[PDB]
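Notes to accompany the following structure.
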Amino acid sequence: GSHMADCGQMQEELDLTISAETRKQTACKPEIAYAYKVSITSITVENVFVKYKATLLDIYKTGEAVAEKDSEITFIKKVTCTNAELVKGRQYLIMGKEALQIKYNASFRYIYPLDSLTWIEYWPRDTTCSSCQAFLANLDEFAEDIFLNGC
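Numbering (my numbering), first residue to last: 9 to 159.
Here it is as C-alpha coordinates:
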(Lines of atoms letter the chains of each structure in order from A and count residues from 1; the text may use other names and numbers.)
(Lines give C-alpha, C1' and ligand atoms only; values in the text may rest on other atoms or scores of the structure.)
Protein backbone atom coordinates (compact mmCIF):
# COMPACT_ATOMS: atom_id res chain seq x y z
CA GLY A 1 0.00 0.00 0.00
CA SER A 2 2.78 2.42 -0.91
CA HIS A 3 1.51 5.50 -2.74
CA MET A 4 3.47 8.51 -3.99
CA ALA A 5 2.16 11.91 -5.07
CA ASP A 6 3.60 15.41 -5.44
CA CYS A 7 0.40 16.77 -3.87
CA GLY A 8 0.73 20.45 -3.11
CA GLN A 9 4.12 20.69 -4.82
CA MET A 10 6.52 22.99 -2.96
CA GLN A 11 9.53 25.09 -3.97
CA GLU A 12 13.07 25.58 -2.68
CA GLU A 13 13.62 27.54 0.53
CA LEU A 14 16.61 29.51 -0.74
CA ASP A 15 17.79 29.54 -4.35
CA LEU A 16 19.14 32.39 -6.47
CA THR A 17 17.16 32.15 -9.72
CA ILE A 18 13.63 33.36 -8.99
CA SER A 19 13.37 37.08 -9.73
CA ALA A 20 10.58 39.49 -8.77
CA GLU A 21 9.12 39.13 -12.27
CA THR A 22 8.97 35.35 -11.83
CA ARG A 23 6.33 35.86 -9.14
CA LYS A 24 4.43 38.26 -11.39
CA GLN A 25 4.29 36.79 -14.90
CA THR A 26 2.62 33.88 -13.13
CA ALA A 27 0.72 35.98 -10.59
CA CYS A 28 -1.45 37.91 -13.05
CA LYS A 29 -1.85 34.58 -14.85
CA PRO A 30 -5.52 33.58 -15.47
CA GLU A 31 -4.96 30.23 -13.74
CA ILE A 32 -4.21 32.32 -10.66
CA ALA A 33 -7.17 33.93 -8.89
CA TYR A 34 -5.29 35.30 -5.89
CA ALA A 35 -1.77 36.26 -4.85
CA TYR A 36 -1.20 36.91 -1.15
CA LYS A 37 1.17 35.97 1.66
CA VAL A 38 -0.06 34.27 4.83
CA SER A 39 1.30 32.65 8.00
CA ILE A 40 0.53 29.40 9.82
CA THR A 41 -0.86 29.69 13.35
CA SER A 42 -2.74 26.41 13.82
CA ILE A 43 -2.79 22.91 12.34
CA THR A 44 -5.39 20.14 12.49
CA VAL A 45 -4.70 16.42 12.04
CA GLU A 46 -7.28 13.63 11.90
CA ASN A 47 -7.36 9.94 10.94
CA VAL A 48 -6.53 10.66 7.29
CA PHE A 49 -7.85 14.07 6.25
CA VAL A 50 -6.16 17.07 7.88
CA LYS A 51 -6.67 20.84 7.82
CA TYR A 52 -4.55 23.96 8.29
CA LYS A 53 -5.72 27.09 10.11
CA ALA A 54 -3.67 30.08 8.94
CA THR A 55 -4.15 33.85 8.92
CA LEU A 56 -3.69 36.04 5.86
CA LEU A 57 -1.00 38.69 6.26
CA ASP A 58 -1.52 40.78 3.12
CA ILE A 59 -3.24 40.49 -0.27
CA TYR A 60 -1.52 41.54 -3.49
CA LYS A 61 -4.23 40.07 -5.71
CA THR A 62 -7.85 39.82 -4.58
CA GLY A 63 -9.10 36.26 -4.24
CA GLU A 64 -12.30 35.08 -5.90
CA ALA A 65 -12.77 32.85 -2.86
CA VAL A 66 -13.62 35.67 -0.44
CA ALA A 67 -10.16 37.15 0.10
CA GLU A 68 -9.59 40.13 2.38
CA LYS A 69 -6.76 41.81 4.29
CA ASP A 70 -5.98 39.35 7.09
CA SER A 71 -8.74 36.75 6.81
CA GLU A 72 -9.32 33.19 7.98
CA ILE A 73 -8.22 30.54 5.49
CA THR A 74 -8.16 26.76 5.93
CA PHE A 75 -6.27 24.34 3.69
CA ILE A 76 -7.33 20.69 3.65
CA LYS A 77 -5.80 17.62 2.00
CA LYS A 78 -4.95 13.94 2.39
CA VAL A 79 -2.04 12.54 4.39
CA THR A 80 -0.87 10.90 1.16
CA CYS A 81 1.03 14.13 0.48
CA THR A 82 4.74 13.30 0.45
CA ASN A 83 5.96 16.60 -1.00
CA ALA A 84 4.27 19.28 1.11
CA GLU A 85 4.74 19.92 4.83
CA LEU A 86 3.64 23.17 6.47
CA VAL A 87 5.08 24.37 9.79
CA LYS A 88 3.22 26.06 12.64
CA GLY A 89 4.75 29.50 13.06
CA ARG A 90 6.34 30.00 9.65
CA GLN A 91 5.16 32.03 6.66
CA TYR A 92 4.23 30.84 3.16
CA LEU A 93 3.43 32.59 -0.13
CA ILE A 94 0.39 31.51 -2.16
CA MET A 95 -0.71 32.36 -5.70
CA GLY A 96 -3.39 30.28 -7.40
CA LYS A 97 -6.99 29.82 -8.50
CA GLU A 98 -9.85 30.30 -6.04
CA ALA A 99 -11.16 27.54 -3.77
CA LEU A 100 -14.24 25.35 -4.09
CA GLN A 101 -17.44 26.65 -2.49
CA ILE A 102 -20.01 24.58 -0.62
CA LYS A 103 -21.05 26.87 2.24
CA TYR A 104 -24.80 26.46 2.76
CA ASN A 105 -25.40 26.94 6.49
CA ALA A 106 -22.40 25.95 8.61
CA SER A 107 -21.39 22.37 7.81
CA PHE A 108 -19.93 23.78 4.60
CA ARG A 109 -17.73 26.72 3.56
CA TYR A 110 -14.68 26.87 1.28
CA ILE A 111 -11.84 24.79 2.74
CA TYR A 112 -9.11 24.99 0.08
CA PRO A 113 -8.49 21.63 -1.67
CA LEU A 114 -4.74 22.23 -1.56
CA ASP A 115 -3.34 20.99 -4.87
CA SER A 116 -0.08 21.18 -6.83
CA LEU A 117 -1.34 24.18 -8.79
CA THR A 118 -1.35 26.18 -5.56
CA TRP A 119 1.93 28.06 -6.00
CA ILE A 120 3.43 27.86 -2.51
CA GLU A 121 6.86 29.15 -1.50
CA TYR A 122 8.24 29.15 2.05
CA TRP A 123 8.98 32.74 3.05
CA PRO A 124 11.93 32.90 5.50
CA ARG A 125 10.32 34.44 8.59
CA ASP A 126 13.79 35.68 9.54
CA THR A 127 16.34 37.61 7.48
CA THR A 128 19.33 37.44 9.84
CA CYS A 129 19.51 33.87 11.12
CA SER A 130 20.67 31.71 8.20
CA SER A 131 23.59 34.07 7.55
CA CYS A 132 22.41 34.02 3.93
CA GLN A 133 19.86 36.76 3.21
CA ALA A 134 19.81 36.72 -0.59
CA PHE A 135 16.49 35.35 -1.86
CA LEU A 136 14.77 37.83 0.45
CA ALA A 137 16.20 40.65 -1.67
CA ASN A 138 14.10 40.00 -4.78
CA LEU A 139 10.98 39.32 -2.71
CA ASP A 140 11.11 42.82 -1.21
CA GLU A 141 11.02 44.32 -4.71
CA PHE A 142 7.88 42.38 -5.67
CA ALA A 143 6.22 43.51 -2.44
CA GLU A 144 5.91 47.13 -3.54
CA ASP A 145 5.77 46.05 -7.18
CA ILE A 146 2.47 44.17 -7.48
CA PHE A 147 1.06 46.58 -4.90
CA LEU A 148 1.98 49.73 -6.83
CA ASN A 149 3.02 48.75 -10.35
CA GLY A 150 0.98 45.60 -10.86
CA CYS A 151 0.36 43.82 -14.15
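We put the CB at the ideal spot given by N, CA and C, even for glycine.
Exercise. Hey, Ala43 and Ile102: beta-carbon distance below 9 Å or not?
Worked result: In the sequence shown, the residue the question calls residue 43 occupies position 35. In the sequence shown, the residue the question calls residue 102 occupies position 94. Contact annotation: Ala43 and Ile102 have beta-carbon atoms nearer than 9 Å.
**Residues bridged to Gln99 (per DSSP)** = Position 91 of the sequence shown, counting from 1, holds the residue named residue 99. In the DSSP output, where bridge partners are listed per residue, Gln99 has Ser47, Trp131.
Close-in-space but distant-in-sequence residues of the same chain around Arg117 (CB under 6 Å, 5 per side omitted) = Position 109 of the sequence shown, counting from 1, holds the residue named residue 117. Around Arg117: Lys111.
Judging by CA-CA distance, which residue of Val56, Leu22, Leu65 is the nearest neighbour of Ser139?
The count along the sequence shown starts at 1 and reaches residue 139 at position 131. Out of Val56, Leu22, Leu65, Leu22 has the C-alpha closest to the C-alpha of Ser139.
Name the one or two DSSP bridge partners that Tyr42 has. To locate residue 42, count along the sequence shown from 1; it is residue 34. Its beta-bridge partners are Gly104.
**Item:** Beta-carbon spacing of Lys69, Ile51 below 9 Å
**Value:** Translated into positions along the sequence shown, residue 69 becomes position 61. Translated into positions along the sequence shown, residue 51 becomes position 43. It is not a contact, given that the beta carbons lie outside the stated cut-off.
May I ask you to report which of helix, strand or coil DSSP gives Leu64? On the sequence shown, position 56 is the one that residue 64 refers to. In the structure shown, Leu64 sits in a strand (DSSP, three-state: E or B).
Exercise for review: Evaluate contact between the segment 52-65 and the segment 145-154, counting only Cβ atoms and requiring at least three cross-stretch pairs below 8 Å.
Suggested key: no
Subject >> Residues bridged to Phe83 [DSSP beta-bridge criterion] >> reply: To locate residue 83, count along the sequence shown from 1; it is residue 75. DSSP output for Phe83 lists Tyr60, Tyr120 as bridge partner(s).
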